[PDB]
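For reference, the structure discussed in these notes is given below.
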Amino acid sequence: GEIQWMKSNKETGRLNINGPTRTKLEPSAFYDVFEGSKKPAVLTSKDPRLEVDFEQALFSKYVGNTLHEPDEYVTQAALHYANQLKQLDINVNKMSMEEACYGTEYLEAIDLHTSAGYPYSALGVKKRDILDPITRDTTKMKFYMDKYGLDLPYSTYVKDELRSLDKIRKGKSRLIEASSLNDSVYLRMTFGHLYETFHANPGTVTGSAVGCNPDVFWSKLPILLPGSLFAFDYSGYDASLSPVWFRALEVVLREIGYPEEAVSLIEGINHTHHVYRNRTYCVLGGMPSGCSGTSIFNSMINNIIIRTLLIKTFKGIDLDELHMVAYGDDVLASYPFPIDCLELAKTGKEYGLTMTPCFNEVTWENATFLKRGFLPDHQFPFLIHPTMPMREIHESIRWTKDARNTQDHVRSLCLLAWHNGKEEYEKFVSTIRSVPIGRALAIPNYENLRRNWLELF
RNA sequence: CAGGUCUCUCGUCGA
RNA sequence: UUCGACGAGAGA
């Protein structure tokens, strides 16, 4: 992905989208008793902690484009993935606007607690001023889709969140491309049922982990991915995607029977306009993260990428012998034979992909997925714990958006940490008990946590 | 008053 | 066990 041009809003006529510059994160009741080095991200170029120029850092991720267009390897990869998807019988029909707006069983209603995007926010219209969970009315929605059309620009904002200390001085905050309500509605209408299918089917048919629950999914993976394991992460996945991957995504959607009217929306996300503050810019390539279907499309593309890199790098691959699941850029995969990932990553560079783990042999003992390790339980080794490092839980507990959430916050971290074992857990709970606010919390005991988890099977 | 698309899990109030 | 509204945490 590559920024094509960037121009004044006075020159493009776009209303300006200016978000808040101050963080909602503040030191928690446990800032003092736990060690950590993450801080809230830089949100303005004025930030004292900055050691670089902000806006060049913010946009440095768009590292250009390479292939615009499938070679035969991309093409066979896309069709193998698309053929796999056929067993799901995805309904390529349009969703009503009412379903796109207000939800179904496997499609959540549009989130009424977040911005309505360009132009509404600059105009002071909120989603809840257009959509209504009780009436379930869509005439106000249709009116505004008529008034402002489709293919509106994405409102860029900096994500308020913790980052590593390295990424503070280097202005390496992450961007949110807020979707306009109009585009959310239209991409939900045309792809709602695909979303429904992917949400109801985490696994190795969709090749997607969206909708999994690591507590029980981790024990399912060694069955789902038999044979030898490989994996990697990517440097700046969404911004590194060249248009060829969006043209492959269109082949896949075509093969499962979408009409061209639907398939060509994908070009409307491979080619995008964004409004950051007072200036407009335009990107070719690259997934706009806040867009509808972004996690699903990124995972589909990832299935295309892996297959493409398999058959271009080695002779005599049988794609039908590949198992994989992706969650965005995160990949876990298996093949009857060990796969040289250093070689794969190299091929990935020929397509603009910067892929990252030396190339250690991937084992269940060292693999990670969704930032969790894998650790067979001692009593029952056919049941696998998702392990989250204690450093990350320590970093989390030192901050708060509202002291009213301490119990929920600390409870949620307890359910993540215990998988690291009784010793590490009791040390965690004990530090929490070392401040008065810690002593007031309801904290489960490891044995209860372990028994509850054991009973899930 | 603002700051995306989502998943899971937990909690609070109901059925 | 299941379903709705709201809040939270982690992950993508």
Side-chain angles (χ1 to χ4, degrees), chain A residues 17-21 23 28 41 43 103 105-118 120-122 124-127 133-134 154-162 173-181 183-184 187-188 191 195 198-200 202 208-217 233-234 237-238 269 274 277 287-299 302 325-331 368-372 386 388-389 392-393 395-397 399-403 405-417 441-442 444 449 452-453 456:
Chain A
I17 313 290
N18 299 286
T21 63
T23 186
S28 72
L43 301 179
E105 173 177 28
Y106 282 108
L107 187 64
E108 290 278 299
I110 279 171
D111 182 341
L112 296 177
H113 302 281
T114 51
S115 183
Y118 186 92
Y120 304 97
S121 57
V125 189
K126 285 143 177 57
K127 281 207 192 93
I134 305 299
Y154 286 86
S155 304
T156 297
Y157 309 77
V158 190
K159 185 162 188 55
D160 188 19
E161 59 172 353
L162 294 175
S173 310
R174 288 196 296 176
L175 293 166
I176 283 317
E177 332 296 337
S179 178
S180 171
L181 179 55
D183 292 324
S184 299
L187 278 159
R188 278 161 63 101
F191 297 119
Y195 301 166
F198 267 70
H199 291 164
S208 163
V210 180
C212 78
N213 165 23
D215 264 8
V216 302
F217 197 62
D233 275 339
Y234 301 72
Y237 187 76
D238 311 359
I269 81 169
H274 312 236
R277 274 231 279 137
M287 185 74 54
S289 61
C291 83
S292 175
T294 181
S295 268
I296 281 158
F297 293 133
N298 264 331
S299 303
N302 215 335
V325 299
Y327 203 140
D329 66 313
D330 270 26
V331 192
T368 82
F369 191 61
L370 310 183
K371 271 257 75 198
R372 289 141 172 112
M388 167 155 300
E392 294 273 38
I393 278 154
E395 296 279 352
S396 164
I397 202 185
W399 299 89
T400 174
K401 283 185 234 142
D402 193 321
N405 309 130
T406 305
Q407 176 69 47
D408 289 354
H409 189 168
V410 171
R411 187 153 151 79
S412 289
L413 297 164
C414 277
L415 305 167
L416 293 152
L441 302 181
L449 288 156
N452 282 347
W453 180 81
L456 292 171

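Proteins get letters first, then strands, A, B, ... in listed order; numbering begins at 1 in each. These numbers come from the heavy atoms of this one structure, side chains and all, not from hydrogens, waters or symmetry mates.
Between A:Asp329 and A:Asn298, every side-chain heavy-atom pair lies at or beyond the 4.5 Å cut-off. Within the 4.5 Å cutoff, the side chain of A:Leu370 has heavy atoms near those of the A:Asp330 side chain. Contact check for A:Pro386 versus A:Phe217: no side-chain heavy atoms found under the 4.5 Å cut-off. Inter-residue side-chain proximity for A:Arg411 and A:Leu441 is flagged as unmet; no heavy-atom pair is nearer than 4.5 Å. No side-chain heavy atom of A:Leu416 sits less than 4.5 Å from a side-chain heavy atom of A:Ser396.
Within the nucleic acid shown, A:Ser295 comes within 4.0 Å of at least one base atom, counting heavy atoms only. As judged by a 4.0 angstrom heavy-atom cut-off over every strand, A:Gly293 is placed among residues touching the sugar-phosphate backbone only. Counting any heavy atom pair closer than 4.0 Å across all strands shown, A:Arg174 reaches no nucleic acid atom. As judged by a 4.0 angstrom heavy-atom cut-off over every strand, A:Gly328 is placed among residues touching the sugar-phosphate backbone only.
One finds no side-chain N or O of A:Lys127 lying less than 4.0 angstrom from the OP1 or OP2 phosphate oxygen of B:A2. Distances shorter than 4.0 Å separate none of the side-chain N or O atoms of A:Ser289 from OP1 or OP2 on B:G4. Within the structure, a side-chain polar atom (N or O) of A:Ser115 is placed less than 4.0 Å from OP1 or OP2 of B:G3. In this structure, A:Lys126 does not reach the B:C1 phosphate: none of its side-chain N or O atoms is under 4.0 Å from OP1 or OP2. The phosphate of B:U5 (OP1 or OP2) has a side-chain N or O of A:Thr114 nearer than 4.0 angstrom.
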Subject >> Base-contact (B) and sugar-phosphate-only (S) positions in nucleotides 7-15 of chain B, heavy-atom cut-off under 4.0 Å, - elsewhere >> reply: BSSSS----
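Among the nucleotides C:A10, C:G7, C:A12, the one closest to any side-chain atom of A:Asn405 is C:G7. Listed nucleotides: C:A12, C:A10, B:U5. Nearest to the side chain of A:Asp330: C:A12.
Across every non-hydrogen atom of A:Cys212 and A:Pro214, the tightest pair is O-CD, 3.8 Å. Nearest heavy atoms, A:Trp453 versus A:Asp215: NE1-O, 3.0 Å. Of all heavy-atom pairs spanning A:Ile269 and A:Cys291, the tightest one is CD1-SG, 4.4 Å. A:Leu112 and A:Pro133 get closest at one heavy-atom pair: CD1-CD, 3.6 Å.
With rounding to whole Å, A:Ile393 atom CD1 is found 20 Å from C:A8 atom P. Distance CZ (A:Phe217) to P (C:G11): 18 Å, rounded to an integer number of Å. Summarising the geometry, the separation between CD on A:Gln407 and P on C:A8 is reported as 15 Å, rounded to the nearest angstrom. Following rounding to the nearest Å, A:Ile397 (CD1) and C:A8 (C1') show an atom-to-atom distance of 14 Å. One interatomic measurement links the two molecules: CZ of A:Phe369 to P of C:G11, which rounds to 14 Å at whole-angstrom precision. Atom CG of A:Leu43 is separated from atom P of B:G4 by 13 Å (rounded to the nearest Å). For A:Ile17 and B:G4, the CD1 to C1' distance is 13 Å, given to the nearest whole Å. One interatomic measurement links the two molecules: OH of A:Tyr157 to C1' of B:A2, which rounds to 8 Å at whole-angstrom precision.
Remark: B:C6 base-pairs with C:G11; criterion is Watson-Crick or G-U wobble with both hydrogen-bond distances under 3.5 Å.
B:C1 and C:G11: their P atoms are spaced 27 Å apart (whole Å). The same atom, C1', is picked in C:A10 and in B:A2; the two are 25 Å apart, to the nearest Å.
Donor-acceptor pairing under 3.5 Å, judged by distance alone, is present between the side chain of A:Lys159 and the base of B:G4.
Between A:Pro133 and A:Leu370, it is A:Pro133 whose nearest contact on RNA chain C lies nearer the 5' terminus.
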